[PDB]
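Peer 1: The structure under discussion is supplied below as structure tokens; questions concerning it will follow.
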Amino acid sequence: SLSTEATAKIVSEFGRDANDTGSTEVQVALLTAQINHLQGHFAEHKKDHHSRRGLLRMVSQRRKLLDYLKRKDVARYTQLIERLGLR
Amino acid sequence: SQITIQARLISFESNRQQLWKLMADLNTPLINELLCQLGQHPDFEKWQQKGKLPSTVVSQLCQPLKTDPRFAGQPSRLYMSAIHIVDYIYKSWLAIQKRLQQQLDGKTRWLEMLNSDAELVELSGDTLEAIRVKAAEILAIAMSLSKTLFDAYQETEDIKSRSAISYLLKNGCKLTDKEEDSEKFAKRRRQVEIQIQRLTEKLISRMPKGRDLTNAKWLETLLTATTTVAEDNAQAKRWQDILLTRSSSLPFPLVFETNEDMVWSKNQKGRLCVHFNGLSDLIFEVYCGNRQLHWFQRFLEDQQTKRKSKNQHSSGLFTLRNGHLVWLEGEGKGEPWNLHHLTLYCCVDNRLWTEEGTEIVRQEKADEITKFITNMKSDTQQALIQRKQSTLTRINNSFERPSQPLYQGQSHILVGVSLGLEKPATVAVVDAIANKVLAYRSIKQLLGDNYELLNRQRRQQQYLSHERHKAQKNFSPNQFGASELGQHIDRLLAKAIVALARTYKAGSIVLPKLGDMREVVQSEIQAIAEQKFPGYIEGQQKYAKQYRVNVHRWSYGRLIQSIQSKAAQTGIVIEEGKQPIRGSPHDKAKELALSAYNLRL
RNA sequence: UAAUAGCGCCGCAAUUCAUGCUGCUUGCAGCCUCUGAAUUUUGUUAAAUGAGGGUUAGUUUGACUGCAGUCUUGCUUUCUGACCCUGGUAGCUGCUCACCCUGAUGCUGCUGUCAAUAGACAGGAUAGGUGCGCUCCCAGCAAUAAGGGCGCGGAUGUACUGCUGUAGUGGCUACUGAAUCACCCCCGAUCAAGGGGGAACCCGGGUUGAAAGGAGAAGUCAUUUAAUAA
């Protein structure tokens with residue numbers, strides 16, 4: 001999981017205001033940071049079957065938050081996808 | 001009659017690495033030739049209807065793949081190994097599917113036919129006695145009885161009077177006076193409905209999957225799933241089912257179906273050596289215990305005897321039949337050809353060891369080849385016949401071999417073996433003309449000094465099943481079971497039963513027609529559980545877990561095979577019969593042997 | 001302190017016969033000295049089973065020829081012995097927790113010493129409960145079965161381990177500590193390789209624990225762990 005400094009850095013950059021501890025844009029940015037660091041380890045230690053459980057949860061949570069934001073506000077959804085480099 | 005023996009093969013890296021590269025490259029057309037039939041082939045449903053693969057189709061898919069830029073680097077015998085394996089994969093899978101289709105139809109007839117006594121009265125518009133009288137007429141006509149009654153129901157509808165034929169069939173081809181409980185009938189008719197449902201859920205089976213060593217689909221899916229967003233729950237789960245899949249680490253084995261495509265020799269150091277057709281640069285050294293060495297010396301003696309005799313003796317009687325070359329998985333770190341272990345598994349027909357046994361195979365093949373030639377009676381067909389006629393003349397020229405008189409047993413003395421859940425075996429030796437039991441054995445006698453091993457097997461199954469549960473909750477790789485102990489116990493009983501059959505000069509060993517006990521129990525316990533937890537499906541599954549699990553762990557097919565193998569190596573005939581539903585384990589064994597004796601005519 | 005009960009095994013006490021023991025009537029009479037089946041009972045320095053994790057190309061189960069002489073290979077497994085350990089730091093990573101109640105196929109349970117903090121040090125497979133074990137039972141913990149209660153911010157169009165967080169417990173990779181044995185001791189080789197020196201006993205030769213083998217490929221179902229979904 002992320003360092004303390006790394007979370008604080010990510011919430012301050014995706015949060016719309018000093019009040020955002022966990023808007024849908026902050027929650028997807030923290031799952032995205034985790035997934036990138038986890039793909040770099042799980043492709044190397046292919047035998048680590050306890051980390052595949054962690055990845056498949058963490059990707060599935062991101063997709064639900066994105067589908068919710070798509071219907072709620074397509075402009076916020078489009079800007080979030082750009083800023084996270086997703087397709 | 002056949003057995004498999006084995007040795008590890010040793011050879012310097014360059015040879016164990018070159019062979020690995022050919023098998024990692026061969027393993028791939030073993031997958032592309034399944035896909036060329038899995039989805040590509042248009043006729044596939046005609047094969048599923050017939051239950052058999054056409055004898056040339058895999059070769060006709062492989063021949064143009066021999067020049068493929070991906071597959072072209074391999075010897076002519078490695079392509080025949082590919083064609084062999086893919087032929088056997090589908091020739092098995094289609095034959096599994098056909099018997100399931102036949103069972104589903106063969107019970108769909110019965111679910112339509114199985115009626116309550118009140119339904120027979122309504123459907124006939126007549127009395128249940130009129131039905132008993134017509135059932136008595138049908139038995140009088142009939143006198144394969146069960147088959148004849150199913151034929152007489154298919155044909156001959158006879159103004160719905162075939163309802164009386166269904167009355168015979170549900171009563172086990174016999175007349176019955178009693179009128180049945182509709183609750184017992186409801187359980188009975190429900191078991192048939194459950195078996196129909198489960199057969200369809202099984203018949204919808206997966207296609208054969210090849211050993212993809214590349215991880216390419218898995219790596220592509222990983223980078224897809226982590227960098228992109230799925231458009232559907234079905235797509236997000238499709239990536240999960242791929243990412244959870246464990247990939248294979250070993251290529252398919254080479255199969256050498258011609259015994260002469262292995263060449264044997266003796267090394268300067270006195271050790272035995274082998275080489276394969278198309279790999280004749282790569283000499284390998286045999287390493288095996290002296291408990292098995294006598295076959296590997298016999299391989300070389302069979303070969304030298306033919307070569308010393310200007311090919312006038314045939315490998316139609318060579319002790320080696322076919323070889324399967326396989327990489328057994330090693331442990332720790334290293335390149336695959338330094339980590340794994342080349343092992344050569346030789347199929348051997350054990351009755352070729354002796355001269356008296358070789359003469360059986362000479363007569364068996366000489367009769368089969370004579371018939372084949374007379375059935376053929378083409379261009380290359382003319383050369384196939386010359387090869388068969390030349391085998392038929394050469395097979396008469398004998399190898400110098402060990403002599404041992406054949407076993408002979410008394411045609412009236414039989415060993416009955418009774419299998420069950422609590423007693424894996426129990427034995428009665430019957431003189432069938434005296435109607436006299438010569439001896440009985442229970443398990444405590446039937447493996448003597450080893451009787452502690454049954455208690456060990458039950459402790460080990462229970463202990464290890466709990467440890468596997470605890471280990472899975474922690475994602476530990478430690479996953480172990482009593483399978484090799486159960487295999488040893490089934491072999492101890494197989495030796496003791498045949499030693500007992502030899503002791504009393506028995507003419508045969510009798511084994512029960514157990515059939516598919518696992519599926520039968522699974523439907524009986526479900527039809528019952530549905531009456532005790534209606535609507536609560538989780539409670540229905542929990543109803544008798546330990547009984548259903550003990551039936552799925554019951555090794556009856558492996559004990560039946562272990563006895564068959566050891567009996568046929570000794571020369572004792574195997575016979576079969578219905579095992580009684582009631583009586584003690586001894587009475588079951590007694591009546592089983594007497595039933596198999598009564599079935600002689 | 002506690003663990004009374006339930007369930008599975010292990011013998012021990014009997015009772016009933018036989019697949020056994022004496023006869024000739026080759027099928028009866030007779031009993032339980034053995035060897036075995038069935039039921040019941042029992043937990044008496046009775047007897048018998050008895051899963052903390054690991055270690056040897058180990059020994060014996062082998063082939064051929066008339067029980068004697070030749071040849072012998074180190075494969076895949078099951079036991080019995082014996083010995084060793086109860087681990088070390090260097091990264092990567094999963095899960096779990098605002099705080100409470102219920103407490104799960106949940107974790108933990110040995111001897112001695114110092115602390116009496118939660119942990120070190122030295123011993124060790126006798127290691128909570130019984131003759132021996134359990135998903136059962138007792139004791140402590142319980143966030144990491146599950147359900148319910150419920151505080152304050154963000155979000156609030158159905159998403160919300162998403163906040164209250166530095167520890168707990170795992171997984172994996174690299175290096176490393178001990179045993180690398182089959183009567184002990186010593187020097188080595190692990191796709192190979194053996195050699196040297198002793199103790200004890202039997203009648204200068206042996207002995208110094210035994211067993212099993214049909215394998216590959218594909219498909220399926222049984223519970224049981226994880227993820228996902230309505």
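Numbering starts fresh at 1 for the residues of each chain in the structure tokens, the chains themselves are lettered A, B, ... in the order given, and ligands are numbered from 1 as they appear.
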Can you tell me, as an MDAnalysis selection string, what residues are no more than 9 Å from region 62-79 of chain C when counting only C-alpha atoms (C1' of nucleotides), ignoring any on the same chain fewer than 2 positions away?
Peer 2: (chainID B and resid 5:8 271 286:294 343 402 453 484:485 487:489) or (chainID C and resid 57 192 210:213)
Peer 1: Using only C-alpha atoms (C1' of nucleotides), determine which residues lie at most 10 Å from residue 17 (chain B), disregarding the query and same-chain residues fewer than 6 positions distant; provide the list as a PyMOL selection string.
Peer 2: chain B and resi 11+23+335-338
Peer 1: Residues within 12 Å of residue 101 (chain C), please, as an MDAnalysis selection string. Count only C-alpha atoms (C1' of nucleotides); anything in the same chain fewer than 2 positions from it doesn't count.
Peer 2: chainID C and resid 99 103 147:150
Peer 1: Please, which residues of chain C lie no more than 10 Å from chain A when the count uses only C-alpha atoms (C1' of nucleotides), and can they be set out as a PDB file with N, CA, C and O atoms (P, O5', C5', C4', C3', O3' and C1' of nucleotides), in the first residue's frame?
Peer 2:
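Okay, this is what ended up in selection-v5.pdb:
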ATOM      1  P     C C  92      10.591  -2.117  -0.282  1.00  0.00           P
ATOM      2  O5'   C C  92       9.738  -3.050  -1.252  1.00  0.00           O
ATOM      3  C5'   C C  92       9.934  -3.008  -2.657  1.00  0.00           C
ATOM      4  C4'   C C  92       9.210  -4.133  -3.350  1.00  0.00           C
ATOM      5  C3'   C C  92       7.738  -4.292  -3.008  1.00  0.00           C
ATOM      6  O3'   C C  92       6.904  -3.378  -3.696  1.00  0.00           O
ATOM      7  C1'   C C  92       8.793  -6.399  -2.922  1.00  0.00           C
ATOM      8  P     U C  93       5.735  -2.611  -2.906  1.00  0.00           P
ATOM      9  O5'   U C  93       4.602  -3.716  -2.729  1.00  0.00           O
ATOM     10  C5'   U C  93       3.995  -4.315  -3.862  1.00  0.00           C
ATOM     11  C4'   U C  93       3.251  -5.575  -3.496  1.00  0.00           C
ATOM     12  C3'   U C  93       2.143  -5.426  -2.468  1.00  0.00           C
ATOM     13  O3'   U C  93       0.938  -4.921  -3.012  1.00  0.00           O
ATOM     14  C1'   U C  93       3.480  -7.286  -1.912  1.00  0.00           C
ATOM     15  P     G C  94      -0.179  -4.296  -2.042  1.00  0.00           P
ATOM     16  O5'   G C  94      -1.060  -5.549  -1.613  1.00  0.00           O
ATOM     17  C5'   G C  94      -1.715  -6.350  -2.587  1.00  0.00           C
ATOM     18  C4'   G C  94      -2.376  -7.550  -1.958  1.00  0.00           C
ATOM     19  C3'   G C  94      -3.363  -7.255  -0.841  1.00  0.00           C
ATOM     20  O3'   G C  94      -4.644  -6.879  -1.317  1.00  0.00           O
ATOM     21  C1'   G C  94      -1.894  -8.963  -0.150  1.00  0.00           C
ATOM     22  P     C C  95      -5.481  -5.732  -0.566  1.00  0.00           P
ATOM     23  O5'   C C  95      -6.025  -6.450   0.747  1.00  0.00           O
ATOM     24  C5'   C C  95      -6.830  -7.617   0.658  1.00  0.00           C
ATOM     25  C4'   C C  95      -6.883  -8.348   1.975  1.00  0.00           C
ATOM     26  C3'   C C  95      -7.386  -7.540   3.161  1.00  0.00           C
ATOM     27  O3'   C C  95      -8.798  -7.448   3.212  1.00  0.00           O
ATOM     28  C1'   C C  95      -5.416  -8.684   3.772  1.00  0.00           C
ATOM     29  P     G C 153     -20.002  16.585  11.177  1.00  0.00           P
ATOM     30  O5'   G C 153     -18.689  16.678  10.281  1.00  0.00           O
ATOM     31  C5'   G C 153     -18.778  16.808   8.869  1.00  0.00           C
ATOM     32  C4'   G C 153     -17.419  16.732   8.223  1.00  0.00           C
ATOM     33  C3'   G C 153     -17.412  16.466   6.725  1.00  0.00           C
ATOM     34  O3'   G C 153     -17.631  17.634   5.955  1.00  0.00           O
ATOM     35  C1'   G C 153     -15.901  14.999   7.777  1.00  0.00           C
ATOM     36  P     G C 154     -18.618  17.587   4.688  1.00  0.00           P
ATOM     37  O5'   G C 154     -17.815  16.736   3.608  1.00  0.00           O
ATOM     38  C5'   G C 154     -16.550  17.174   3.139  1.00  0.00           C
ATOM     39  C4'   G C 154     -15.908  16.153   2.235  1.00  0.00           C
ATOM     40  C3'   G C 154     -16.718  15.722   1.026  1.00  0.00           C
ATOM     41  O3'   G C 154     -16.669  16.648  -0.044  1.00  0.00           O
ATOM     42  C1'   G C 154     -15.843  13.815   2.091  1.00  0.00           C
ATOM     43  P     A C 155     -18.016  17.046  -0.823  1.00  0.00           P
ATOM     44  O5'   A C 155     -18.508  15.674  -1.470  1.00  0.00           O
ATOM     45  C5'   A C 155     -17.784  15.070  -2.529  1.00  0.00           C
ATOM     46  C4'   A C 155     -18.198  13.637  -2.740  1.00  0.00           C
ATOM     47  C3'   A C 155     -19.637  13.402  -3.164  1.00  0.00           C
ATOM     48  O3'   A C 155     -19.868  13.637  -4.544  1.00  0.00           O
ATOM     49  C1'   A C 155     -19.094  11.916  -1.428  1.00  0.00           C
ATOM     50  P     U C 156     -21.204  14.397  -5.013  1.00  0.00           P
ATOM     51  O5'   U C 156     -22.385  13.508  -4.420  1.00  0.00           O
ATOM     52  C5'   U C 156     -22.654  12.215  -4.938  1.00  0.00           C
ATOM     53  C4'   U C 156     -23.636  11.461  -4.077  1.00  0.00           C
ATOM     54  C3'   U C 156     -25.042  12.032  -4.008  1.00  0.00           C
ATOM     55  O3'   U C 156     -25.830  11.710  -5.137  1.00  0.00           O
ATOM     56  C1'   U C 156     -24.314  11.483  -1.834  1.00  0.00           C
ATOM     57  P     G C 157     -27.004  12.703  -5.603  1.00  0.00           P
ATOM     58  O5'   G C 157     -28.254  11.740  -5.809  1.00  0.00           O
ATOM     59  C5'   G C 157     -28.790  11.515  -7.107  1.00  0.00           C
ATOM     60  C4'   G C 157     -28.643  10.073  -7.529  1.00  0.00           C
ATOM     61  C3'   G C 157     -27.229   9.517  -7.435  1.00  0.00           C
ATOM     62  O3'   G C 157     -27.291   8.118  -7.171  1.00  0.00           O
ATOM     63  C1'   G C 157     -27.938   9.482  -9.688  1.00  0.00           C
ATOM     64  P     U C 158     -27.032   7.553  -5.690  1.00  0.00           P
ATOM     65  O5'   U C 158     -26.873   5.983  -5.909  1.00  0.00           O
ATOM     66  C5'   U C 158     -27.209   5.059  -4.882  1.00  0.00           C
ATOM     67  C4'   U C 158     -27.211   3.639  -5.391  1.00  0.00           C
ATOM     68  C3'   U C 158     -25.856   3.110  -5.858  1.00  0.00           C
ATOM     69  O3'   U C 158     -25.770   1.715  -5.568  1.00  0.00           O
ATOM     70  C1'   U C 158     -27.391   3.024  -7.646  1.00  0.00           C
ATOM     71  P     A C 159     -24.688   1.176  -4.508  1.00  0.00           P
ATOM     72  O5'   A C 159     -23.304   1.750  -5.043  1.00  0.00           O
ATOM     73  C5'   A C 159     -22.681   1.196  -6.191  1.00  0.00           C
ATOM     74  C4'   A C 159     -21.312   1.781  -6.404  1.00  0.00           C
ATOM     75  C3'   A C 159     -20.360   1.689  -5.224  1.00  0.00           C
ATOM     76  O3'   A C 159     -19.737   0.422  -5.111  1.00  0.00           O
ATOM     77  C1'   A C 159     -20.308   3.878  -6.108  1.00  0.00           C
ATOM     78  P     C C 160     -20.226  -0.629  -3.996  1.00  0.00           P
ATOM     79  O5'   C C 160     -20.624   0.279  -2.753  1.00  0.00           O
ATOM     80  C5'   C C 160     -19.718   0.478  -1.679  1.00  0.00           C
ATOM     81  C4'   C C 160     -18.736   1.579  -1.985  1.00  0.00           C
ATOM     82  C3'   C C 160     -17.747   1.919  -0.884  1.00  0.00           C
ATOM     83  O3'   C C 160     -16.648   1.025  -0.836  1.00  0.00           O
ATOM     84  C1'   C C 160     -18.678   3.909  -1.747  1.00  0.00           C
ATOM     85  P     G C 162     -10.188   0.609   0.473  1.00  0.00           P
ATOM     86  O5'   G C 162     -11.352   1.616   0.890  1.00  0.00           O
ATOM     87  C5'   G C 162     -12.060   2.374  -0.082  1.00  0.00           C
ATOM     88  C4'   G C 162     -12.103   3.836   0.285  1.00  0.00           C
ATOM     89  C3'   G C 162     -11.979   4.156   1.765  1.00  0.00           C
ATOM     90  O3'   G C 162     -10.648   4.115   2.237  1.00  0.00           O
ATOM     91  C1'   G C 162     -13.779   5.370   0.869  1.00  0.00           C
ATOM     92  P     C C 163     -10.368   3.879   3.799  1.00  0.00           P
ATOM     93  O5'   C C 163     -10.532   5.327   4.436  1.00  0.00           O
ATOM     94  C5'   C C 163      -9.740   6.415   3.980  1.00  0.00           C
ATOM     95  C4'   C C 163      -9.832   7.588   4.921  1.00  0.00           C
ATOM     96  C3'   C C 163      -9.628   7.270   6.393  1.00  0.00           C
ATOM     97  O3'   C C 163      -8.261   7.159   6.748  1.00  0.00           O
ATOM     98  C1'   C C 163     -11.537   8.636   6.140  1.00  0.00           C
ATOM     99  P     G C 165      -6.715   5.958  13.617  1.00  0.00           P
ATOM    100  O5'   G C 165      -5.133   6.133  13.679  1.00  0.00           O
ATOM    101  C5'   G C 165      -4.382   6.448  12.510  1.00  0.00           C
ATOM    102  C4'   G C 165      -3.341   5.395  12.223  1.00  0.00           C
ATOM    103  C3'   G C 165      -2.295   5.769  11.174  1.00  0.00           C
ATOM    104  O3'   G C 165      -1.045   5.181  11.524  1.00  0.00           O
ATOM    105  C1'   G C 165      -3.442   3.826  10.483  1.00  0.00           C
ATOM    106  P     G C 170       1.305 -15.898  10.687  1.00  0.00           P
ATOM    107  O5'   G C 170       1.561 -15.242   9.258  1.00  0.00           O
ATOM    108  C5'   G C 170       1.908 -16.035   8.134  1.00  0.00           C
ATOM    109  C4'   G C 170       0.989 -15.762   6.972  1.00  0.00           C
ATOM    110  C3'   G C 170       1.580 -15.976   5.588  1.00  0.00           C
ATOM    111  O3'   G C 170       1.578 -17.334   5.185  1.00  0.00           O
ATOM    112  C1'   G C 170       0.477 -13.894   5.649  1.00  0.00           C
ATOM    113  P     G C 171       2.864 -17.959   4.453  1.00  0.00           P
ATOM    114  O5'   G C 171       2.872 -17.254   3.024  1.00  0.00           O
ATOM    115  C5'   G C 171       1.809 -17.462   2.108  1.00  0.00           C
ATOM    116  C4'   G C 171       1.954 -16.600   0.879  1.00  0.00           C
ATOM    117  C3'   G C 171       3.267 -16.718   0.126  1.00  0.00           C
ATOM    118  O3'   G C 171       3.326 -17.857  -0.714  1.00  0.00           O
ATOM    119  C1'   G C 171       2.724 -14.439   0.395  1.00  0.00           C
ATOM    120  P     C C 172       4.712 -18.644  -0.914  1.00  0.00           P
ATOM    121  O5'   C C 172       5.593 -17.656  -1.800  1.00  0.00           O
ATOM    122  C5'   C C 172       5.228 -17.365  -3.139  1.00  0.00           C
ATOM    123  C4'   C C 172       6.019 -16.207  -3.691  1.00  0.00           C
ATOM    124  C3'   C C 172       7.528 -16.384  -3.740  1.00  0.00           C
ATOM    125  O3'   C C 172       7.970 -17.161  -4.837  1.00  0.00           O
ATOM    126  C1'   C C 172       7.027 -14.278  -2.818  1.00  0.00           C
ATOM    127  P     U C 173       9.284 -18.075  -4.688  1.00  0.00           P
ATOM    128  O5'   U C 173      10.489 -17.055  -4.903  1.00  0.00           O
ATOM    129  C5'   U C 173      10.702 -16.440  -6.163  1.00  0.00           C
ATOM    130  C4'   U C 173      11.679 -15.297  -6.068  1.00  0.00           C
ATOM    131  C3'   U C 173      13.055 -15.632  -5.509  1.00  0.00           C
ATOM    132  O3'   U C 173      13.915 -16.230  -6.462  1.00  0.00           O
ATOM    133  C1'   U C 173      12.244 -13.668  -4.482  1.00  0.00           C
ATOM    134  P     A C 226     -12.043 -17.613   1.851  1.00  0.00           P
ATOM    135  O5'   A C 226     -11.621 -16.929   0.477  1.00  0.00           O
ATOM    136  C5'   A C 226     -10.343 -16.332   0.323  1.00  0.00           C
ATOM    137  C4'   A C 226     -10.062 -15.971  -1.113  1.00  0.00           C
ATOM    138  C3'   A C 226     -11.061 -15.041  -1.781  1.00  0.00           C
ATOM    139  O3'   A C 226     -10.855 -13.680  -1.445  1.00  0.00           O
ATOM    140  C1'   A C 226     -10.574 -16.842  -3.226  1.00  0.00           C
ATOM    141  P     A C 227     -12.091 -12.656  -1.425  1.00  0.00           P
ATOM    142  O5'   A C 227     -12.336 -12.318  -2.961  1.00  0.00           O
ATOM    143  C5'   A C 227     -11.338 -11.666  -3.733  1.00  0.00           C
ATOM    144  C4'   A C 227     -11.666 -11.700  -5.203  1.00  0.00           C
ATOM    145  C3'   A C 227     -13.017 -11.127  -5.596  1.00  0.00           C
ATOM    146  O3'   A C 227     -13.013  -9.715  -5.696  1.00  0.00           O
ATOM    147  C1'   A C 227     -12.725 -13.214  -6.645  1.00  0.00           C
ATOM    148  P     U C 228     -14.359  -8.882  -5.429  1.00  0.00           P
ATOM    149  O5'   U C 228     -15.290  -9.246  -6.667  1.00  0.00           O
ATOM    150  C5'   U C 228     -14.930  -8.869  -7.987  1.00  0.00           C
ATOM    151  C4'   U C 228     -15.869  -9.466  -9.003  1.00  0.00           C
ATOM    152  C3'   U C 228     -17.336  -9.107  -8.839  1.00  0.00           C
ATOM    153  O3'   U C 228     -17.657  -7.841  -9.386  1.00  0.00           O
ATOM    154  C1'   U C 228     -17.131 -11.433  -9.172  1.00  0.00           C
TER     155        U C 228
END
Peer 1: Please identify the helix (DSSP H, G or I) residues within region 214-378 of chain B (assignment by DSSP from backbone atoms) and present them as a PyMOL selection string.
Peer 2: chain B and resi 216-227+233-243+259-261+293-307+315-317+336-339+350-352+355-376
Peer 1: For chain B against chain A, which residues fall within 7 Å using only C-alpha atoms, given as a PyMOL selection string?
Peer 2: chain B and resi 226-229+240+475
